[PDB]
Structures are given as structure tokens and as C-alpha cells.
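> Sharing a structure below in C-alpha cells format, with a few things to ask.
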Amino acid sequence: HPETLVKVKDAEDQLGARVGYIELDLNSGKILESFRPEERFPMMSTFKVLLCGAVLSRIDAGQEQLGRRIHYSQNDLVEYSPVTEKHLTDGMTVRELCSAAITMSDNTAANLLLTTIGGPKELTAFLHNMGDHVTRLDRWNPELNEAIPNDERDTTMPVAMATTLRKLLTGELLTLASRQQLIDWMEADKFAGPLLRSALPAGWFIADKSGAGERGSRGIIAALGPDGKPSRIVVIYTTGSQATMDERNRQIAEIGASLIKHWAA
């Protein structure tokens with residue numbers, strides 16, 4: 001059962017593409033292992049966690065409310081919007097929008113939330129404020145997923161995303177209540193079944209967010225651990241492959257299996 005770093009390198013061969021990986025201790029923030037930690041990859045839909053982080057920060061500051069109802073129109077709908085397409089009459093609350101964005105990767109929910117903060121530049125400013133000067137969101141959904149080879153728009157580094165996620169979930173950046181909401185949303189993710197969750201034994205906790213884009217781009221951010229408690233952050237990205245979605249999923253799942261089978265080390 002291959003060691004995780006061996007499996008990641010194997011995944012590059014199998015996919016014919018770059019794979020970026022890091023594993024952090026949740027408590028200490030220590031890097032346990034990594035592969036291409038400081039190379040850039042398209043973040044794709046994984047940005048939506050950071051977006052709801054920025055929204056929760058505004059909520060903590062009294063500039064936004066979880067219950068605020070947003071009405072929108074047919075003309076706001078973009079592709080892959082399974083929740084928002086059903087609420088044209090009644091709208092959705094900020095809370096419901098983050099839930100749809102994170103748990104169903106609803107692209108329209110994401111754009112509605114971007115509007116609440118003033119656009120992708122404001123998400124990038126929020127990130128710079130909390131010390132992440134690498135991760136950048138430049139575009140709205142779904143154009144942000146274009147993944148033009150070697151283009152830096154809408155990218156992160158595995159190390160930057162992992163540390164930013166840690167800061168959101170466990171630091172003082174958000175209130176206790178907001179931190180918990182953010183991890184509850186990621187825990188409730190319904191859209192990443194074929195990725196790390198496919199390798200996970202019963203009794204484990206995982207809170208995650210997937211992403212897919214053009215040029216074979218695929219990835220996941222996660223906080224996971226045994227015994228109902230997260231203990232590590234895992235970040236996996238790949239871009240460039242011509243392999244099918246199923247093939248890309250299976251390589252990520254296999255990286256997951258490796259890190260599970262060697263966890264006790």
C-alpha cells in the first residue's frame with residue numbers, strides 16, 4: 001500500500017500532470033509532508049470556503065447577517081447551480097447561500113456571496129489582510145476555473161491554502177461560533193464522495209471542499225481525523241491532465257487511501 005509521497009508521484013505519472021500536496025498538523029500547523037508545496041495551481045471551487053470565511057468575518061463585525069434574505073433573478077443563474085435554481089421566488093439567506101456554495105458547489109450561490117463582499121478583489125484583500133499574499137481570486141464563477149496553463153489568476157499554492165484554511169478553522173480570525181459554522185458546512189459537503197471520503201473508514205471526521213476546472217484541473221481541501229475529530233489538514237491539487245474525471249477522482253482517492261493507511265506513523 002504505497003506511502004503517500006510515492007503515491008502522489010505515481011499520480012503525476014498516471015495523470016501526466018503536476019500534483020500538489022500538503023499535510024499539516026491541525027493543532028501545531030507543522031508541515032508533516034508535502035509535494036510541490038510552493039507551486040501554483042488553480043483553486044477552482046475550493047475558493048468558496050475562503051469566500052464564506054470572508055462573509056463570516058463580516059458577520060462577526062456586524063456588517064452582515066446569516067439570516068439576511070437575498071432575492072435574485074433568472075439572469076443571475078450560471079451553470080451548476082442546483083440549489084439556487086430552485087429559489088427564484090423566495091430567494092435564499094446568506095447562511096443558505098454559504099451552505100449551497102460549500103456543500104453543493106453551487107456556482108450562482110458563490111457569485112451572490114461575492115456580490116455581498118464587493119467582488120473577487122475584496123476576497124483577495126481579505127486574504128492579504130490575514131497574511132495570505134499568495135492565494136488570489138480574480139474572476140467570478142465559472143470563468144475562474146479556466147486553468148490556462150501556467151496562468152496565475154485564481155490560483156493558490158498548497159502551502160498557502162493549507163495554512164489559510166487552518167487559520168480560518170482554528171485561529172482567532174473568526175469567532176468561535178463562526179469557526180464552528182464554517183467547519184459544519186464543510187463537514188456537510190455532499191459533493192466530494194469520490195475523493196478523500198471514498199477512502200475514509202467509518203468513525204472518521206472529514207470537513208472538505210472539492211473543485212474541478214478545465215485542463216483536467218481537480219482538487220480538494222480538507223480537515224479530517226479519526227475518532228470524530230479533525231487532526232490534520234490535507235490539500236491536493238492537479239492541473240494539466242487529459243484524463244477523465246473518473247480517473248482524476250481515483251488518483252485523489254488513492255492518495256487518500258495512502259494517507260489513511262499510514263496515518264498512525
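Residue names in the C-alpha cells use chain letters A, B, ... in the order shown, residue numbers from 1 in each chain, and ligand numbers from 1 in the order shown.
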At a cut-off of 9 Å, using only C-alpha atoms, what residues contact residue A:250? Leave out same-chain residues fewer than 5 positions from it and give the result as a PDB file with N, CA, C and O atoms, in the first residue's frame.

```pdb
ATOM      1  N   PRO A 194     -16.431  10.896  -4.287  1.00  0.00           N
ATOM      2  CA  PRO A 194     -15.431  10.064  -4.921  1.00  0.00           C
ATOM      3  C   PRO A 194     -13.996  10.400  -4.630  1.00  0.00           C
ATOM      4  O   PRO A 194     -13.076   9.789  -5.241  1.00  0.00           O
ATOM      5  N   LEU A 195     -13.755  11.352  -3.729  1.00  0.00           N
ATOM      6  CA  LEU A 195     -12.399  11.851  -3.462  1.00  0.00           C
ATOM      7  C   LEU A 195     -11.936  11.276  -2.142  1.00  0.00           C
ATOM      8  O   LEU A 195     -11.953  10.056  -1.980  1.00  0.00           O
ATOM      9  N   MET A 245     -12.611  12.508 -15.734  1.00  0.00           N
ATOM     10  CA  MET A 245     -12.955  12.905 -14.386  1.00  0.00           C
ATOM     11  C   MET A 245     -12.839  11.722 -13.437  1.00  0.00           C
ATOM     12  O   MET A 245     -12.308  11.829 -12.316  1.00  0.00           O
ATOM     13  N   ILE A 255      -4.488   8.615  -3.234  1.00  0.00           N
ATOM     14  CA  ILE A 255      -3.687   9.424  -2.328  1.00  0.00           C
ATOM     15  C   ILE A 255      -4.321   9.415  -0.929  1.00  0.00           C
ATOM     16  O   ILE A 255      -3.634   9.280   0.058  1.00  0.00           O
TER      17      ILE A 255
END
```
> Using only C-alpha atoms, tabulate the residues of stretch 72-117 of chain A lying at most 12 Å from any atom of stretch 27-45 of chain A, each with its closest atom pair and that distance in Å to one decimal, by chain and increasing residue number, as CSV.

```
residue,atom,partner,partner_atom,distance
A:80,CA,A:45,CA,11.2
A:100,CA,A:45,CA,12.0
A:101,CA,A:45,CA,8.5
A:102,CA,A:45,CA,8.5
A:103,CA,A:45,CA,10.9
A:104,CA,A:45,CA,10.3
A:105,CA,A:45,CA,6.8
A:106,CA,A:45,CA,9.0
A:107,CA,A:45,CA,8.1
A:108,CA,A:45,CA,11.6
A:109,CA,A:45,CA,11.5
A:110,CA,A:45,CA,8.9
A:111,CA,A:45,CA,11.3
```
> Compare A:71, A:87, A:133, A:248 by their minimum atom-to-atom distance to residue A:112, counting only C-alpha atoms, and give me the closest one.
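Of A:71, A:87, A:133, A:248, the one nearest residue A:112 is A:71, counting only C-alpha atoms.
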> Would you list the contacts of stretch 96-99 of chain A as a compact mmCIF listing (two decimals) with N, CA and C atoms, in the first residue's frame, taking every protein, DNA or RNA residue within 12 Å and counting only C-alpha atoms, but skipping same-chain residues closer than 3 positions in sequence?

```
# COMPACT_ATOMS: atom_id res chain seq x y z
N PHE A 47 -12.17 27.80 -3.54
CA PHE A 47 -12.21 29.17 -3.07
C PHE A 47 -13.44 29.45 -2.21
N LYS A 48 -14.52 28.68 -2.40
CA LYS A 48 -15.81 29.04 -1.82
C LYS A 48 -15.72 28.94 -0.27
N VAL A 49 -14.82 28.10 0.27
CA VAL A 49 -14.58 28.09 1.71
C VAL A 49 -14.00 29.39 2.21
N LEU A 50 -13.04 29.95 1.47
CA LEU A 50 -12.39 31.20 1.83
C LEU A 50 -13.44 32.31 1.68
N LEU A 51 -14.26 32.23 0.64
CA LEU A 51 -15.33 33.23 0.44
C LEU A 51 -16.25 33.24 1.67
N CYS A 52 -16.72 32.06 2.10
CA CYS A 52 -17.61 32.05 3.28
C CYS A 52 -16.89 32.43 4.56
N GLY A 53 -15.57 32.22 4.62
CA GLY A 53 -14.73 32.80 5.66
C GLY A 53 -14.83 34.34 5.70
N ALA A 54 -14.74 34.95 4.54
CA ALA A 54 -14.80 36.42 4.45
C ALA A 54 -16.21 36.92 4.86
N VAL A 55 -17.23 36.17 4.46
CA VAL A 55 -18.60 36.51 4.80
C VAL A 55 -18.81 36.38 6.34
N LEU A 56 -18.35 35.27 6.91
CA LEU A 56 -18.41 35.07 8.36
C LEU A 56 -17.64 36.18 9.10
N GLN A 65 -25.45 39.57 8.11
CA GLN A 65 -26.29 38.72 8.93
C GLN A 65 -26.50 37.38 8.25
N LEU A 66 -26.34 36.28 9.01
CA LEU A 66 -26.66 34.95 8.50
C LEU A 66 -28.05 34.83 7.93
N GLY A 67 -29.01 35.43 8.61
CA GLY A 67 -30.38 35.37 8.13
C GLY A 67 -30.80 36.31 7.03
N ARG A 68 -29.92 37.17 6.55
CA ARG A 68 -30.35 38.15 5.57
C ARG A 68 -30.77 37.44 4.30
N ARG A 69 -31.97 37.78 3.81
CA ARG A 69 -32.50 37.16 2.61
C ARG A 69 -32.18 37.94 1.37
N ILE A 70 -31.61 37.25 0.39
CA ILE A 70 -31.27 37.80 -0.89
C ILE A 70 -32.19 37.24 -1.95
N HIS A 71 -32.96 38.13 -2.60
CA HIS A 71 -33.75 37.73 -3.76
C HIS A 71 -32.87 37.97 -4.99
N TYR A 72 -32.98 37.13 -6.02
CA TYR A 72 -32.17 37.28 -7.23
C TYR A 72 -33.02 36.85 -8.41
N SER A 81 -25.78 25.09 -10.65
CA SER A 81 -26.43 25.84 -9.57
C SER A 81 -27.66 25.07 -9.08
N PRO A 82 -27.45 23.87 -8.52
CA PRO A 82 -28.58 23.00 -8.14
C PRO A 82 -29.52 23.50 -7.04
N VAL A 83 -29.03 24.37 -6.17
CA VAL A 83 -29.84 24.89 -5.10
C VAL A 83 -30.48 26.20 -5.54
N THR A 84 -29.65 27.12 -6.00
CA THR A 84 -30.14 28.44 -6.34
C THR A 84 -31.18 28.43 -7.44
N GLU A 85 -31.10 27.48 -8.36
CA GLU A 85 -32.09 27.45 -9.44
C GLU A 85 -33.48 27.17 -8.92
N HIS A 87 -34.81 28.56 -6.12
CA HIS A 87 -35.27 29.56 -5.15
C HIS A 87 -35.41 30.91 -5.80
N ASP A 90 -38.48 32.77 -3.78
CA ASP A 90 -38.27 33.05 -2.34
C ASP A 90 -36.92 33.60 -1.92
N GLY A 91 -35.95 33.52 -2.84
CA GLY A 91 -34.57 33.84 -2.53
C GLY A 91 -33.96 32.87 -1.52
N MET A 92 -32.79 33.27 -1.04
CA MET A 92 -32.03 32.49 -0.05
C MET A 92 -31.36 33.39 0.93
N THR A 93 -31.15 32.89 2.14
CA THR A 93 -30.43 33.67 3.16
C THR A 93 -28.92 33.49 2.95
N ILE A 102 -20.80 25.74 -0.41
CA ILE A 102 -19.82 24.77 0.08
C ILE A 102 -20.29 23.34 -0.12
N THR A 103 -21.54 23.01 0.20
CA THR A 103 -21.96 21.60 0.27
C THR A 103 -22.40 21.02 -1.06
N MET A 104 -22.84 21.91 -1.98
CA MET A 104 -23.28 21.51 -3.31
C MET A 104 -22.49 22.15 -4.44
N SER A 105 -21.44 22.90 -4.11
CA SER A 105 -20.71 23.69 -5.06
C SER A 105 -21.57 24.44 -6.05
N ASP A 106 -22.56 25.14 -5.47
CA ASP A 106 -23.48 25.97 -6.28
C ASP A 106 -22.76 27.23 -6.75
N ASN A 107 -22.60 27.34 -8.06
CA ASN A 107 -21.76 28.42 -8.61
C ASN A 107 -22.48 29.77 -8.47
N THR A 108 -23.79 29.80 -8.68
CA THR A 108 -24.55 31.03 -8.52
C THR A 108 -24.52 31.51 -7.06
N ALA A 109 -24.68 30.61 -6.13
CA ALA A 109 -24.55 30.97 -4.67
C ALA A 109 -23.24 31.68 -4.41
N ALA A 110 -22.14 31.12 -4.95
CA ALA A 110 -20.84 31.74 -4.87
C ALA A 110 -20.79 33.16 -5.45
N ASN A 111 -21.37 33.36 -6.62
CA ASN A 111 -21.38 34.70 -7.20
C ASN A 111 -22.23 35.65 -6.37
N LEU A 112 -23.36 35.16 -5.83
CA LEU A 112 -24.21 36.01 -4.98
C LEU A 112 -23.44 36.44 -3.74
N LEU A 113 -22.68 35.51 -3.15
CA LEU A 113 -21.88 35.83 -1.98
C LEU A 113 -20.72 36.82 -2.35
N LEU A 114 -20.08 36.65 -3.51
CA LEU A 114 -19.07 37.58 -3.97
C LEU A 114 -19.64 38.96 -4.04
N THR A 115 -20.87 39.04 -4.51
CA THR A 115 -21.54 40.36 -4.59
C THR A 115 -21.68 40.97 -3.19
N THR A 116 -22.02 40.17 -2.21
CA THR A 116 -22.18 40.69 -0.87
C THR A 116 -20.91 41.34 -0.34
N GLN A 181 -19.39 27.18 12.46
CA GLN A 181 -20.25 27.15 11.28
C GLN A 181 -19.48 26.75 10.03
N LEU A 182 -18.28 27.31 9.88
CA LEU A 182 -17.53 27.06 8.67
C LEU A 182 -17.19 25.57 8.56
N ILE A 183 -16.73 24.97 9.67
CA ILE A 183 -16.42 23.52 9.65
C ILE A 183 -17.65 22.67 9.53
N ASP A 184 -18.80 23.12 10.09
CA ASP A 184 -20.06 22.39 9.89
C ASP A 184 -20.46 22.35 8.42
N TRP A 185 -20.28 23.47 7.73
CA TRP A 185 -20.60 23.47 6.32
C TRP A 185 -19.72 22.50 5.56
N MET A 186 -18.42 22.55 5.81
CA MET A 186 -17.51 21.67 5.10
C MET A 186 -17.76 20.18 5.45
N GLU A 187 -18.12 19.94 6.70
CA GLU A 187 -18.48 18.57 7.14
C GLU A 187 -19.68 18.04 6.27
N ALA A 188 -20.64 18.93 6.03
CA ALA A 188 -21.84 18.61 5.27
C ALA A 188 -21.68 18.57 3.75
N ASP A 189 -20.44 18.63 3.24
CA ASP A 189 -20.19 18.56 1.85
C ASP A 189 -20.78 17.30 1.21
N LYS A 190 -21.60 17.47 0.18
CA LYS A 190 -22.21 16.31 -0.46
C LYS A 190 -21.66 16.06 -1.76
N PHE A 191 -20.80 16.99 -2.14
CA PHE A 191 -20.29 16.89 -3.48
C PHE A 191 -18.92 16.22 -3.58
N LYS A 209 -13.89 20.44 0.83
CA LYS A 209 -14.42 21.17 -0.33
C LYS A 209 -13.63 20.78 -1.55
```
> Using only C-alpha atoms, find the one residue out of A:46, A:128, A:120, A:12 that sits nearest to residue A:220.
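The closest residue to residue A:220 is A:46.
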> Please, what distance in Å, to one decimal, runs between atom CA of residue A:136 and atom CA of residue A:155?
5.8 Å
> List every residue of stretch 23-55 of chain A that DSSP, applied to the backbone of this structure, places in strand (DSSP E), and write the result as a list in words.
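Strand (DSSP E) assignments inside stretch 23-55 of chain A correspond to residues 23, 24, 25, 31, 32, 33, 34, 35, 41 and 42 of chain A.
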